[PDB]
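*Asks:* Chains W and H, in that order, give the protein sequences. Numbering-wise, the numbering used here puts 10 at position 7 of the first sequence, and it's gapless, one number per residue. Numbering-wise, the numbering used here puts 144 at position 141 of the second sequence, and it's gapless, one number per residue.
Protein chains: 2
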Amino acid sequence: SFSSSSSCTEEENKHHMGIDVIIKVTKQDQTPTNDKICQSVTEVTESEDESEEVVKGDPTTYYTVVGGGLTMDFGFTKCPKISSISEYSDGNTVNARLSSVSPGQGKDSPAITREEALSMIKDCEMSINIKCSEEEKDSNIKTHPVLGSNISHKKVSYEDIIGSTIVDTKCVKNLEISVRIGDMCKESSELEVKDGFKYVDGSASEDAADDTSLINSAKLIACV
Amino acid sequence: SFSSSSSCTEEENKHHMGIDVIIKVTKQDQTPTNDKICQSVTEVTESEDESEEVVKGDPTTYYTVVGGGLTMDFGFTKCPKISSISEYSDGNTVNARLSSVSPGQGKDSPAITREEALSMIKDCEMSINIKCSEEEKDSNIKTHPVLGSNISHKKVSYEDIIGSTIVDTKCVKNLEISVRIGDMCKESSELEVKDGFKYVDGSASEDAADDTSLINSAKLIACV
Numbered sequence: 004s005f006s007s008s009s010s011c012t013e014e015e016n017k018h019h020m021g022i023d024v025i026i027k028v029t030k031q032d033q034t035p036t037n038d039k040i041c042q043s044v045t046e047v048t049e050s051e052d053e054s055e056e057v058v059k060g061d062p063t064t065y066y067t068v069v070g071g072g073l074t075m076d077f078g079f080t081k082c083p084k085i086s087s088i089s090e091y092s093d094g095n096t097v098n099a100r101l102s103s104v105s106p107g108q109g110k111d112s113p114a115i116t117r118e119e120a121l122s123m124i125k126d127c128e129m130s131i132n133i134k135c136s137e138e139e140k141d142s143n144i145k146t147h148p149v150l151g152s153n154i155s156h157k158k159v160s161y162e163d164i165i166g167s168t169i170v171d172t173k174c175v176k177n178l179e180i181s182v183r184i185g186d187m188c189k190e191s192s193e194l195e196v197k198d199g200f201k202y203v204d205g206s207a208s209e210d211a212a213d214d215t216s217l218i219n220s221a222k223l224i225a226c227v
Numbered sequence: 004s005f006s007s008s009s010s011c012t013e014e015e016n017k018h019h020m021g022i023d024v025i026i027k028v029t030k031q032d033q034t035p036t037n038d039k040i041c042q043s044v045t046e047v048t049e050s051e052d053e054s055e056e057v058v059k060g061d062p063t064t065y066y067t068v069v070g071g072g073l074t075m076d077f078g079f080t081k082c083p084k085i086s087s088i089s090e091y092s093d094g095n096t097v098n099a100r101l102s103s104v105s106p107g108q109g110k111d112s113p114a115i116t117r118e119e120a121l122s123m124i125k126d127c128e129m130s131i132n133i134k135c136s137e138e139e140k141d142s143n144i145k146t147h148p149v150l151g152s153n154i155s156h157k158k159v160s161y162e163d164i165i166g167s168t169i170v171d172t173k174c175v176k177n178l179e180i181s182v183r184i185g186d187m188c189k190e191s192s193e194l195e196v197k198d199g200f201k202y203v204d205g206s207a208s209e210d211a212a213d214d215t216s217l218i219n220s221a222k223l224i225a226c227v
């Protein structure tokens with residue numbers, strides 16, 4: 004009635020910090036039809052291998068999400084753990100959400116001090132590289148409801164979180180992304196930050212916005 | 004008598020800024036013998052492909068230098084251009100030097116304003132990933148002497164230039180690196196910086212040091 008995975012801590016100055024990433028890709032007109040999402044998820048963290056040693060810098064965890072004619076490569080450094088990855092196809096769009104999971108869902112959701120939270124909020128960086136995919140493999144999904152972070156993508160304090168962003172224009176026409184870092188149990192203002200930008204047919208803009216409906220979460224399907 | 008590649012400019016507030024990287028890798032005792040350096044050099048810059056677009060961040064140029072039983076992957080972002088890459092094997096050590104080339108050597112050596120220099124010095128970042136290589140192909144070297152940057156690795160103002168540093172301990176025992184950014188025509192103002200560290204059998208140190216002799220540049224062989 005206490006593990007972080009089963010309950011939000013009552014401990015003062017402790018917060019179950021998490022990250023929540025929303026991705027919306029609008030494919031080019033002549034991109035071949037492919038609505039097979041969640042084809043594969045590959046996770047790799049630097050220094051995990053016995054012989055690999057990260058000497059300088061912090062260990063980055065990479066996620067390669069193949070689906071819907073796209074291969075999305077994410078790179079998270081100094082960010083809360085990702086425990087939920089989902090996708091859904093809609094017309095010529097591929098949508099995805101990668102996030103930490105809030106307490107009470109069988110996923111460890113470590114709680115950290117306010118001090119560490121403030122440091123993490125500034126240090127966490129996410130890179131994204133989206134390339135075309137020709138994968139015709141069937142989807143590999145879970146029927147289980149998508150586990151959430153309990154973090155709303157409403158407008159909050161801005162923070163530069165998104166790092167290197169690269170796309171293959173052969174299949175990526177539009178790219179919209181929203182990233183939130185916050186308290187998964189109860190919004191704590193000083194600890195709520197958000198980044199995001201819009202890329203439309205070549206033009207990128209960074210106007211802050213309410214992204215609570217950037218994508219339709221009710222349609223997300225858990226990738227395995 | 005006026006192109007940058009042919010002469011240092013006399014234009015005021017103009018500086019032929021360059022970067023100079025020195026690498027010294029001591030391989031592990033039982034690492035299979037391999038003194039074949041300069042096996043291959045591969046350069047790749049983000050956004051150079053007509054379909055690849057860097058939306059956020061600056062374009063990174065990556066160099067993959069295979070030689071001596073090692074594969075050295077470098078990533079330079081916001082740094083002066085690299086126009087000289089060389090190596091030499093000495094016992095269980097593989098030494099390499101990647102750098103810009105000073106004016107008058109047939110290589111473009113652009114001069115920038117002091118303002119731009121001050122920004123580049125803070126922004127330039129180099130990542131390094133040294134892995135094991137089983138490549139046994141013959142060396143592909145150039146005969147001509149190695150073109151230099153005219154930048155001395157003496158102690159100068161420290162700057163955080165070296166970023167992510169990863170090594171494969173199966174082949175990497177020690178790793179010593181020195182990185183200098185400076186005026187290739189005449190050491191200038193607050194335009195000379197240096198980074199560097201020492202990794203010895205697992206222990207890393209960042210103590211400033213005169214690395215003018217970290218490796219013996221007279222032995223460097225130009226890689227093609």
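Quick reminder that beta carbons are idealized off the backbone N, C-alpha and C, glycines included.
#1: Contact criterion: CB-CB distance below 8 Å. Does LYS173/H meet it with respect to chain W?
#2: Would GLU15/W be called buried (16 or more neighbouring beta carbons within 10 Å of its own) or exposed?
#3: Would you report the Cα separation of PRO113/H and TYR66/H, rounded to the nearest angstrom?
#4: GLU195/H: which of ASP186/H, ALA99/H, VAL203/H sits nearest, CA to CA?
#5: Taking DSSP's pairing of strands, which residues face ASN98/W in a bridge?
#6: Who are the near neighbours of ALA211/H in its chain, counting only those whose CB is closer than 7 Å to its CB and skipping five residues on each side?
#7: Is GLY60/H close to chain W? Criterion is C-beta to C-beta, closer than 8 Å.
#8: Please report how far the alpha carbon of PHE5/H lies from the alpha carbon of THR168/W, in whole angstroms.
#9: Assign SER122/H to one of three DSSP states: helix, strand, or coil.
#10: Can you list the residues of chain H that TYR202/W reaches, using a CB-CB cut of under 8 Å?
#11: What residues in the region 151–166 of chain H bring their beta carbon closer than 8 Å to a beta carbon of chain W?
#12: For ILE169/W and chain H, any beta-carbon pair shorter than 8 Å?
#13: I'd like to check one pair, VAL203/W with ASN219/W: are the Cβ atoms closer than 8 Å?
#14: Look up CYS135/H in the DSSP assignment and give the residues it is bridged to.
#15: Let me check understanding here. Comparing Cα to Cα, which of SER87/W, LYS17/W, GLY107/W lies closest to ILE144/W?
#16: Which residues in the same chain as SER155/H place their Cβ atom closer than 7 Å to its Cβ, once the five residues preceding and following it in sequence are excluded?
#17: Counting only beta-carbon separations shorter than 8 Å, does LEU178/W have a partner in chain H?
#18: Just to check my reading of the structure: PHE79/H and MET123/H have Cβ atoms closer than 8 Å, yes? What is that Cβ distance to the nearest angstrom?
#19: Go through its chain and collect everything with a Cβ distance to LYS140/H's Cβ below 6 Å, but skip five positions before and after it.
*Replies:* Concretely, from the data shown:
#1: If you number the second sequence from 1, residue 173/H lands on position 170. Chain W contact via Cβ: present.
#2: In the first sequence, residue 15/W corresponds to position 12, counting from 1. The residue is exposed, with fewer than 16 neighbouring Cβ atoms inside 10 Å.
#3: Taking the second sequence and counting its residues from 1, one reaches residue 113/H at position 110. Taking the second sequence and counting its residues from 1, one reaches residue 66/H at position 63. Straight-line spacing of the CA atoms in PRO113/H and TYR66/H works out to 21 Å.
#4: Translated into positions along the second sequence, residue 195/H becomes position 192. Put simply, of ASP186/H, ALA99/H, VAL203/H the residue whose alpha carbon is nearest the alpha carbon of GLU195/H is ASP186/H.
#5: Translated into the one-based positions of the first sequence, residue 98/W becomes position 95. Paired residues: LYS27/W, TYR91/W.
#6: Position 208 of the second sequence holds residue 211/H. Same-chain partners within the cutoff: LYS158, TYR161.
#7: On the second sequence, residue 60/H is found 57 positions in, with the first residue counted as 1. Yes, because at least one Cβ of chain W sits closer than 8 Å to the Cβ of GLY60/H.
#8: For this step, residue 5/H is matched to residue 2 along the second sequence. For this step, residue 168/W is matched to residue 165 along the first sequence. Taking the straight line joining both Cα atoms gives about 39 Å.
#9: The count along the second sequence starts at 1 and reaches residue 122/H at position 119. Residue state, collapsed to three classes: helix.
#10: For the purposes of this step, residue 202/W is taken as residue 199 along the first sequence, with counting starting at 1. Residues of chain H passing the Cβ test: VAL58.
#11: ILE165, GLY166
#12: If you number the first sequence from 1, residue 169/W lands on position 166. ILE169/W counts as touching chain H.
#13: Here the question's residue 219/W lines up with position 216 in the first sequence. Here the question's residue 203/W lines up with position 200 in the first sequence. Here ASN219/W is not near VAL203/W, since their CB atoms are 8 Å or more apart.
#14: Numbered from 1 along the second sequence, position 132 holds the residue referred to as residue 135/H. According to DSSP, which records beta bridges pairwise, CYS135/H is partnered with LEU73/H.
#15: In the first sequence, the residue the question calls residue 144/W occupies position 141. When each option's Cα is compared against that of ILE144/W, the closest is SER87/W.
#16: Here residue 155/H refers to the residue found at position 152 when the second sequence is read from its first residue. Excluding sequence neighbours, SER155/H sits near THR215.
#17: Within the first sequence, the letter at position 175 stands for residue 178/W. It does: the Cβ of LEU178/W has a partner Cβ on chain H nearer than 8 Å.
#18: Indexing the second sequence from 1 puts residue 79/H at position 76. Indexing the second sequence from 1 puts residue 123/H at position 120. Wrong, their Cβ atoms sit about 11 Å apart, outside the cutoff.
#19: Residue mapping note: residue 140/H aligns to position 137 of the second sequence, counting from 1. Closer than 6 Å at Cβ, skipping near neighbours: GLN42.
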